[PDB]
Amino acid sequence: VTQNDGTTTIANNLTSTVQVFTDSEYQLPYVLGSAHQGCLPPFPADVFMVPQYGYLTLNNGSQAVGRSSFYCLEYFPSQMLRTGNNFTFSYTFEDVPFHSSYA
Amino acid sequence: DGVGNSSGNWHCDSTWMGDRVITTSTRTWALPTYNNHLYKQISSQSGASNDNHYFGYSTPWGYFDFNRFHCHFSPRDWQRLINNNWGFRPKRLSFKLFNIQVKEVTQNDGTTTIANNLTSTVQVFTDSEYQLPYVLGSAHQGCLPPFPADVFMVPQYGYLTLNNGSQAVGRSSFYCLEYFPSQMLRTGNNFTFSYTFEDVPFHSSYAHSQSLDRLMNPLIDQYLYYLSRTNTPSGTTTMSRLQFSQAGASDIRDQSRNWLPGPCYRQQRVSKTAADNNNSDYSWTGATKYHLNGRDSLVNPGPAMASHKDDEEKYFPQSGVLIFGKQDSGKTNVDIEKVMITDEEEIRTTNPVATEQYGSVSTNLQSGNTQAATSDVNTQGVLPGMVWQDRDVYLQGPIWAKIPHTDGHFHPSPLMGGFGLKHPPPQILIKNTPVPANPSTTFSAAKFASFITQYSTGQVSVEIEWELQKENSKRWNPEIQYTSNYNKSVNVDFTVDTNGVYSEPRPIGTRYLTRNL
Amino acid sequence: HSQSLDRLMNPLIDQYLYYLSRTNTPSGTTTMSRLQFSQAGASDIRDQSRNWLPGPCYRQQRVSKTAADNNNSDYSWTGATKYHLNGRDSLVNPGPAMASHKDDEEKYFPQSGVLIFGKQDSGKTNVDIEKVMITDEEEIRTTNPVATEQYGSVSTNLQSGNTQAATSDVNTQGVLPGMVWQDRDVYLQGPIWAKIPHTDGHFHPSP
Amino acid sequence: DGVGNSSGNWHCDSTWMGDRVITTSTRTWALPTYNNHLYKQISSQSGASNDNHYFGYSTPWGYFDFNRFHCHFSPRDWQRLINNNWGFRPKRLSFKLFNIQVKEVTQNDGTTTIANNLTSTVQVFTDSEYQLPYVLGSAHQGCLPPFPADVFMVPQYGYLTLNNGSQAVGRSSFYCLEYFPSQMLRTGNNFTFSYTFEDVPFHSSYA
């Protein structure tokens, strides 16, 4: 996006890249456990914004205890994708008891 | 292959296989155009001091330097290597440049707009024959940033040659880089090269548990006598008849010792407490210096010598310690609380204190009428039977340096720190190919003075394979380790602040584990 | 060499290592002493941290080819450099490889420390200067000390509020770790080889 | 092949194998449009001197001339060849054009902006049958620059024929270059040709 005293114009950038990684070793704070917004919308016609990623650690008051560990995500291997690349991964669930829908 | 298909994947990882650790790091760089695509000689302005004259050329090219450690090791990966291992040396590295994109900037009375230029090229070459001035040996800025989220500018490449005053001696040779074979890269090409290190002794991360002065069993006394009392009282006339005594635990200072301390160059001593140091301008006139070809040159690193003796943490050698700045430290006349002064007390066992003299030496021959006289020896070169420890690498300090090609050299390990190599990792130079702009219709022989204004950017991937020396010891009691303190503080150490500025709190030396001497 | 030890780095970018720039700072004209640091760059190169040092040197006396300048005294021996073992003073003719002179002096040369050859039909004793051919070793001037000038200065005493910092020139410097040097040149007339004496130990066997 | 893949690598090197030396040189050129894409005859203005009348055509085409030495030899490579050798002659050459990019300039009351034109082409041909006026024989400007960092403009191509005064004699023949077969090159094509020299006596560098 280019802004010049208003009238900003969007022009596709072919060369730029988008980098994606799935941890799969569970070495990151797991944010997904709690209910939050920004999931895929219910109704497929919608278009959704991808939510930001942050995390909390141990603390005393507002100050940080030496225990708190700060993770840098840039430090994992991640696949980089220009226009015309696709990133696909497959996951298999451990066996878990049925959910009981009966009353 | 193509504009749409991406050339390489981001690899930043550290894997600890067993003996060997493989450290990979990837960064994003941006390369401007230097000197408007033309060489220029540079020289000392007018005149300043006889010592500061220099002559050299400044090329449009620019180069990558990963020579610092913290490029490769995260502070945590540094902590593992440092605590669990005696020694480590590199084995082989591989370098990769990918996802290059060239951008052309247009300026029209402000509101400049950047629009990608697909056709333009970026040319890269690694010498590997060492036919260029090797710039990488000395500490400099512009290395890969410590923290992978950062984006760094690729530094310009220039070099210095022989000179008399500001003028150039016929000996000086000017190298044109355009004259090497170099690979040219459009968007969608990647340049990768692999280098293997010559075998080099391990870096010693251990500190000694004994000192040279105390290398013997205190329980049993030696079979070798020494002069104990030169004169013996008789009738109060103090007649001089020499006597001898065996050496033991009671009087250890006289025991015969097998080896001596490492060679030392004396330094001036300054203290961190501002009140104690003298009120005078001794920054230069009082400094230690060494001069060749009539130009005094300060000695910053000096030979590896302990910074201070015990029960003094205040004092440190004037010139002779590595000094690093904290976050956003100024570039000149900064106050003391801004810089981080490293401490080399770990070496205190085998090497002399930098401030105190090597020892005293007897000057004259005694006689009935003359008293025996001795004098301190400020400087001591190497003698047979001397042992010493090299200066520490730390985290920020350089990894290696190039031994100059010379007739002879003694103990090639560099003074700053790291691994002296005869064939260092070759320099990687990179430049934007110049693109002319709107040549006039009628012919003119004069060369183009005006080009498109453009720069290029893309990722760079450096991977080094380190070999380790596993720690095998029998010490009963626990060691010293590098531990981040558990007290609560505003900012965690080695982490970003609230504005996003990554800061390294203190210098981390590599010597914690203890081997007996 | 096309470079010198003192100038082995890129002038464009300044180093990340600080050094003491100004020991004391003016305040109320009382000159209170608080030390300050500065990074090193092209502007003040003489202070940049350098990786290696100059080759070991043995000091020589300096004589000049112009006959008027040299002192009117018999210093041919009493002023010469000497080294003695087993109580017999022995002149050092070759000396360690050290540059004969600094720049902008072609007049001076070390007293004992240069190879000297005779021209055709030169006498065998007390020959005049214009008869001998004095070799010049300025090529080495980069990595090795000048034979006449001292290796460097060294701080003698510890500073204090009441004592000024004092330093002293170091005339002789043995080898330290991290020193590099160049060997003396062969020339055309000089010898091809020599025999390393059989001994317990020897350092850098080049003659 | 494609817009993204680069056509050729920069080669500038000089290798001395033994008897033979192979000199390579690479430069960057820029080619404007001459005469707004149309032929024109040119002739001596009005009149000046009987000797200076000329008649000829000026084509839009432009040509490469590497005919000077210092294109190929760096001053140092020249010094080696010149000092150690009696004579030298060429054997075979190879010529390569790569990484062609066409740019279209737009002018709108100033602030002209250049934006790459991907579709446009550049057409090149080497005659090799010697059916054209040979311009290269005489010393002229516009050769490859001595120093590889430079960027040079490709010179225009024109030629002279027989004439009487400023007027043209029926004998004069006007060549249209468009009439040869020529390879056309978009971005991502490279044009290379190889030529072998007839045997010619050595140049004598001895005195």
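A short tour of the structure in this document, coming up.

A few words on the interface of chain D and chain B. With 43 residues of chain D at the contact, the number on the chain B side is 41 residues. When chain D packs against chain B, close to 3400 Å² is buried across both sides, 61% of that on carbon and sulfur atoms. Together, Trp10, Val151 and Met153 of chain D form the three largest contributors to the area buried by chain D at its contact with chain B, with a combined 20%. Two residues, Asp150 of chain D and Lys447 of chain B, come together in a salt bridge whose shortest N-O distance is 3.4 Å. Taken together, the links from chain D to chain B amount to 7 residue pairs in polar contact. Looking at the side of chain D that touches chain B, the elements with two or more residues in it are β1 (13-16), β3 (28-30), β8 (103-106), β9 (113-116) and β11 (151-153) of chain D.

Attention now goes to the interface of chain B and chain C. Between chain B and chain C, the contact holds 108 residues from the first and 87 residues from the second. Interface area, chain B with chain C, both sides summed: about 8600 Å², of which 53% is carbon and sulfur. Counting the contacts that link chain B with chain C gives 4 salt bridges. Between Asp14 of chain C and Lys331 of chain B there is a salt bridge, and its shortest N-O distance comes to 3.4 Å. Remark: the boundary between chain B and chain C carries 51 residue pairs in polar contact. For the side of chain B that touches chain C, the leading source of residues is strand β9 (residues 156-160) of chain B, giving 5 residues. Relative to strand β11 (residues 179-181) of chain C, strand β28 (residues 408-410) of chain B runs antiparallel, the two being bridged by 3 bridges. Each bridged residue has a counterpart across the sheet, and for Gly408 of chain B the counterpart in β11 of chain C is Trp181 of chain C.

What follows is about helix α1 (residues 75-84) of chain B. All of the buried residues along α1 of chain B are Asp77, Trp78, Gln79, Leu81, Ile82 and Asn83 of chain B. In the core, the buried residues of α1 of chain B are packed alongside β1 (13-16), β5 (85-106) and β31 (454-470) of chain B.

The next subject is the sheet that holds strand β2 (residues 36-39) of chain C. Taken together, the 3 strands give an open sheet; going across it, the order is β23(B)-β2(C)-β1(C), and neighbouring strands pair in antiparallel fashion. What marks the edges here is a single partner per strand, and that holds for β23 (334-335) of chain B together with β1 (18-22) of chain C.

Taken together, the side chains of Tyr26, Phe89, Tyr91 and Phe93 of chain A define a hydrophobic patch exposed on the protein surface, amounting to about 560 Å² of accessible area. Here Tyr91 of chain A lies in the segment after β4 (79-81).

Relative to the elements of secondary structure, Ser182 of chain B occurs in the loop between β11 (167-168) and β12 (183-185). Note on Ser182 of chain B: relative accessible area 5%, which makes it buried. Excluding residues that lie within four positions of it along the chain, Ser182 of chain B makes contacts with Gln123, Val124 and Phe125 of chain B together with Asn9 and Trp10 of chain D.

We now examine the sheet that holds strand β4 (residues 40-43) of chain D. All names here are of chain D. In space, the 3 strands of this open sheet follow the order β4-β5-β12, with antiparallel pairing throughout. What marks the edges here is a single partner per strand, and that holds for β4 and β12 (156-160). Here the average twist between neighbouring strands, direction ignored, is 35°. Bridging between strand β5 (residues 55-62) and β12 involves 5 bridges; their strand directions are antiparallel. By the bridge assignment for β12, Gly62 is matched with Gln156.

Thresholds applied
Residues numbered from 1 in each chain as written, not as in the entry; some residues may be left out. Chains lettered and ligands numbered in written order. Part of a larger assembly, values for the part shown. Heavy atoms only, no water. Contact = heavy atoms within 4.5 Å. Buried area = accessible area lost by both parts, 1.4 Å probe. Salt bridge = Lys/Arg side-chain N within 4 Å of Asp/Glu carboxyl O. Polar contact = N/O pair within 3.5 Å; in protein donor to acceptor, adjacent residues only side chain to side chain. Helix = DSSP H or I, 4+ residues; strand = E, 2+ residues; numbered from the N terminus. Pairing = 2+ DSSP bridges. Buried < 20%, exposed > 50% of the residue type's maximum accessible area, 1.4 Å probe, protein only. Patch = residues over 30% accessible without salt bridge, like charges linked within 9 Å, V, L, I, M, F, W, Y side chains within 5 Å. Areas by Shrake-Rupley, 256 points an atom, 1.4 Å probe, with all protein chains shown as cover. Axes fitted to C-alpha atoms, helices over the stretch in contact; angles between N-to-C directions.

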